[PDB]
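Numbered from 1 within each chain, the chains take letters A, B, ... in sequence-line order. We use all heavy atoms of the structure for the numbers below, so side chains are in, but hydrogens, waters and symmetry mates are not.
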Amino acid sequence: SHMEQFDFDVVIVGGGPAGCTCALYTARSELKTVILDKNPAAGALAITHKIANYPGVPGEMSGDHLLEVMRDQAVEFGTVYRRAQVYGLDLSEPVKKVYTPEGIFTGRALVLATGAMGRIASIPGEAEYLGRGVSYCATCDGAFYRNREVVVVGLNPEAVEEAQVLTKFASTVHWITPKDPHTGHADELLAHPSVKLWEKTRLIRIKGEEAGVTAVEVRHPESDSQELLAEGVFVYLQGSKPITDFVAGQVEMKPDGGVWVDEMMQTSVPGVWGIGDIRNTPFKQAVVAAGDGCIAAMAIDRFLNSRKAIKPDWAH
Amino acid sequence: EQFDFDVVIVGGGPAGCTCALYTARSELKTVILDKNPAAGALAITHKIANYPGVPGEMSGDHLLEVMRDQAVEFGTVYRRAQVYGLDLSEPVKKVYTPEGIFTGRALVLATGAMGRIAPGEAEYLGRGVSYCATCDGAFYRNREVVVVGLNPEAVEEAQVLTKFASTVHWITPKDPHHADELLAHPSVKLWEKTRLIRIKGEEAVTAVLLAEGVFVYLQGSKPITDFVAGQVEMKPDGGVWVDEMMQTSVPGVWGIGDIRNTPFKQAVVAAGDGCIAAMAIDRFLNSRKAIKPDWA
Ligand SMILES: Cc1cc2nc3c(=O)[nH]c(=O)nc-3n(C[C@H](O)[C@H](O)[C@H](O)COP(=O)(O)OP(=O)(O)OC[C@H]3O[C@@H](n4cnc5c(N)ncnc54)[C@H](O)[C@@H]3O)c2cc1C
Ligand SMILES: Cc1cc2nc3c(=O)[nH]c(=O)nc-3n(C[C@H](O)[C@H](O)[C@H](O)COP(=O)(O)OP(=O)(O)OC[C@H]3O[C@@H](n4cnc5c(N)ncnc54)[C@H](O)[C@@H]3O)c2cc1C
Ligand SMILES: [Ca+2]
């Protein structure tokens with residue numbers, strides 16, 4: 001049913017170690033929990049090749065293997081894991097609404113756990129044309145570009161999957177990569193007739209008229225840049241900034257850009273928590289992110305059950 | 001037997017072990033001073049199922065063993081030693097154990113919250129009552145002593161006292177049936193199903209059965225802070241107070257894990273505390289402007 005699929009006690013945005021640990025604890029509290037994860041390969045832990053300082057996990061382990069263990073634990077105890085990119089929130093009421101292309105999820109408690117693989121929109125025109133042709137969510141905006149020209153910037157798992165989303169609609173998908181993509185999964189993407197590869201090309205500028213983007217300026221390997229007509233530009237370059245765009249300035253931020261939280265990981269908005277590297281503390285380690293998620297889950301259990309005290313989850 | 005270290009960590013639970021793992025990986029000479037590896041909260045947990053990244057069935061002391069092994073693999077020195085006192089009055093902190101005086105540029109308090117508040121027990125602290133048999137054992141040669149409790153610390157501590165006392169009167173709430181080694185000693189008198197009503201003594205303990213030393217090893221839920229003797233600020237709830245980087249009111253001294261007595265008493269939270277402290281310690285000891293993450 002609609003209520004079964006979309007209405008939860010706890011909605012967690014982001015499935016890195018913070019979000020998965022939070023879900024493990026809320027699910028073990030028998031709170032109906034969903035993780036909305038845009039791409040399990042895009043988080044900081046998932047891209048770590050070999051993690052050797054996660055306490056309790058010895059030997060050689062890849063980050064994406066460690067994360068898979070954590071995700072499987074959360075699901076084992078009842079978490080619903082969904083591939084879904086959150087692009088907006090309505091935080092003004094006791095029931096929070098969470099907007100994805102897969103539908104609107106609702107939660108009595110909301111957890112922001114999207115990490116800090118983001119970047120400031122530094123390409124000239126990029127900030128200027130946000131919402132007017134510049135986008136970071138192909139599953140949300142792809143359908144608006146049926147039979148239109150689009151540009152995808154970046155070489156990483158997210159860019160490849162988002163480019164494939166856009167091949168379902170666009171007349172042409174211009175893929176701008178800094179290096180040779182052959183370095184599958186590229187093969188599958190490059191097999192789409194609409195994909196045009198621009199290897200070793202840099203995106204110089206995004207331009208348009210008042211109505212929105214009309215072209216990009218690019219420089220590929222001769223002293224003179226060229227203009228490429230396009231109406232949608234999807235940029236998937238990785239950075240070190242907290243991923244907070246979809247929050248639309250609705251929670252307080254520290255001067256460093258991270259989400260501000262109190263001692264129980266609660267943001268400035270009641271019923272909304274922030275955990276892991278979205279907080280942009282200096283202590284960017286997987287076990288610290290996991291600890292944040294645990295604290296938030298314990299605070300959420302007290303809040304949703306109106307308990308007098310935090311209740312630890314102890315084996316006896 | 002070196003006693004000088006860059007970082008001294010008091011307590012080898014998940015907080016202390018994680019801290020050591022990170023400071024050692026930072027190339028800081030690190031020692032863990034652990035009174036009993038079986039006495040921490042994680043070590044007594046029979047099956048932990050909510051430590052993220054460790055699926056399936058695991059005993060608490062096996063999880064701790066992995067963490068301890070990780071810290072040592074990257075260079076930590078692990079020592080069995082009970083801290084009974086501290087000198088924090090100088091930049092190099094001094095840590096007193098029966099095994100010697102350890103010193104460190106940075107000190108970490110990581111003793112957890114298996115402690116208990118003091119039946120006349122408090123009145124006689126330091127005269128008759130004691131909580132460190134490795135410190136006071138020699139003082140009770142050929143004297144009657146009482147040991148209270150059935151747990152890893154009590155059995156090990158009772159065996160220490162058999163080396164000196166004329167009689168070891170062991171008060172247990174239930175049948176002890178490492179107990180076999182202890183009960184085989186001729187000086188051990190077992191008082192099963194016996195509860196200690198009170199402690200009585202003179203100005204100089206004298207009884208509770210006549211005795212002169214009473215060693216109480218009952219488990220509780222209170223932060224273990226007696227050995228700090230009020231030298232760092234404590235929260236109204238009894239926990240050690242720390243700032244955002246886990247630093248106490250004394251610069252160069254950190255507090256991590258359940259010694260802080262926050263409501264969030266979970267192994268992964270304690271481990272996270274230890275990581276934060278280690279990163280702050282690395283910045284402090286190298287006079288860095290910024291925290292340096294440890295990334296592969
Ligand atoms: C190169 C590198 C190496 C590292 N090495 C180590 C190491 O050795 N040891 C260690 O302890 N730490 C290491 N770290 C740090 C550690 O990986 C991070 O601190 C930790 O992963 C942060 O956890 P997090 O869950 O907050 O976020 P992340 O792990 O980044 O996960 C965030 C999740 O949110 C999702 N997401 C983002 N936006 C949205 C959205 N709008 N809607 C839905 N889902 C969304 C992403 O897809 C991702 O799955 C490393 C980091 C980097 C960048
Ligand atoms: C019955 C019970 C069940 C639990 N179940 C779970 C669970 O299922 N999941 C979970 O996440 N958490 C659980 N916990 C909580 C978790 O175990 C604790 O929060 C965590 O162990 C605290 O870690 P810590 O390092 O701060 O200290 P501890 O793990 O208590 O360790 C402290 C260490 O310091 C040593 N020490 C003490 N005094 C001194 C001294 N004077 N000098 C030197 N060394 C000293 C001790 O010997 C010990 O080695 C449980 C706790 C209890 C009590
Ligand atoms: Ca704080």
Side-chain angles (χ1 to χ4, degrees), chain A residues 15-16 36-49 51 61-69 71-72 81-85 100-102 115 117-119 123 133-160 162-167 169-178 180-181 184-195 197-199 201 203-204 206 213 215-222 226 228-239 243, chain B residues 296:
Chain A
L36 305 173
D37 191 34
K38 79 167 176 183
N39 188 323
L45 177 57
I47 64 166
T48 304
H49 289 110
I51 181 166
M61 186 161 304
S62 74
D64 58 4
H65 180 253
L66 176 58
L67 183 63
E68 178 175 283
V69 173
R71 194 188 307 110
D72 287 354
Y81 175 86
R82 293 290 304 273
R83 290 291 304 274
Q85 182 164 347
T100 81
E102 290 66 38
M117 294 301 304
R119 57 173 279 283
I123 294 161
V134 171
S135 170
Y136 308 104
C137 186
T139 54
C140 183
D141 295 335
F144 297 139
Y145 297 94
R146 191 178 296 285
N147 301 318
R148 300 180 188 277
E149 304 276 287
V150 306
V151 172
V152 174
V153 184
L155 177 59
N156 52 58
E158 183 185 8
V160 174
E162 292 272 274
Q164 291 204 64
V165 170
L166 292 164
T167 63
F169 308 108
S171 53
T172 307
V173 179
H174 297 279
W175 188 20
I176 297 176
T177 65
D180 192 335
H185 265 103
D187 285 12
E188 293 155 8
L189 173 56
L190 291 166
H192 294 270
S194 65
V195 174
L197 175 62
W198 297 72
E199 57 187 351
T201 294
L203 175 58
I204 303 306
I206 298 162
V213 176
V216 296
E217 182 183 357
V218 302
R219 178 182 284 117
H220 56 69
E222 295 85 357
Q226 73 186 84
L228 179 64
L229 299 179
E231 286 185 273
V233 179
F234 296 77
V235 181
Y236 304 99
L237 299 167
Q238 292 163 319
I243 296 178

Rounded to the nearest 0.5 Å, how far apart are [atom1] of [X] and [atom2] of [Y]?
X: A/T139; Y: A/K38; atom1: OG1; atom2: NZ; result: 10.0 Å
X: A/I204; Y: A/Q226; atom1: CD1; atom2: CD; result: 11.0 Å
X: A/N147; Y: A/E231; atom1: CG; atom2: CD; result: 10.5 Å
X: A/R119; Y: A/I243; atom1: CZ; atom2: CD1; result: 11.5 Å
X: A/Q238; Y: A/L155; atom1: CD; atom2: CG; result: 9.0 Å
X: A/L36; Y: A/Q85; atom1: CG; atom2: CD; result: 11.0 Å

Show the nearest heavy-atom pair for residues [X] and [Y], with the distance to one decimal.
X: A/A170; Y: A/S194; value: O-CB, 4.1 Å
X: A/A41; Y: A/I47; value: O-CG2, 3.5 Å
X: A/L166; Y: A/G142; value: CD2-CA, 3.8 Å
X: A/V151; Y: A/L228; value: CG2-CD2, 4.4 Å
X: A/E158; Y: A/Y136; value: OE2-O, 4.5 Å
X: A/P40; Y: A/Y81; value: CB-OH, 3.5 Å

Inset, instruction - Look at the side chain of A/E162 and the backbone N and O of A/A138, then say whether any donor-acceptor pair between them is shorter than 3.5 Å. - result: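 Side chain of A/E162 to backbone of A/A138, a donor-acceptor pair under 3.5 Å: yes, one is there.
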Inset, instruction - Spell out, as yes or no, whether a donor-acceptor pair under 3.5 Å connects the side chain of A/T172 to the backbone of A/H174. - result: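 Not at all, since once roles are kept as given, no pair shorter than 3.5 Å links the two residues.
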Inset, instruction - Decide whether A/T177 and A/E199 meet the rule of one side-chain donor and one side-chain acceptor closer than 3.5 Å. - result: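 Result is no, nothing qualifies.
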Looking at side-chain heavy atoms only, is the closest gap between [X] and [Y] below 4.5 Å?
X: A/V216; Y: A/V153; value: no
X: A/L197; Y: A/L189; value: no
X: A/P181; Y: A/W175; value: yes
X: A/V173; Y: A/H192; value: no
X: A/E68; Y: A/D64; value: no
X: A/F169; Y: A/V150; value: no
X: A/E149; Y: A/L229; value: no

Inset, instruction - Fit a plane to each ring of A/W198 and A/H220, take the angle between them on a 0 to 90° scale, and name the class: parallel (under 30°), tilted (30 to 60°) or perpendicular (over 60°). - result: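 It falls in the tilted class, 30° to 60°.
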Inset, instruction - Could you list the residues that satisfy side chain to side chain donor-acceptor pair (under 3.5 Å) with A/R82, not counting sequence neighbours? - result: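 Testing A/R82 for side chain to side chain donor-acceptor pair (under 3.5 Å), a comparison that skips the adjacent residues, returns none.
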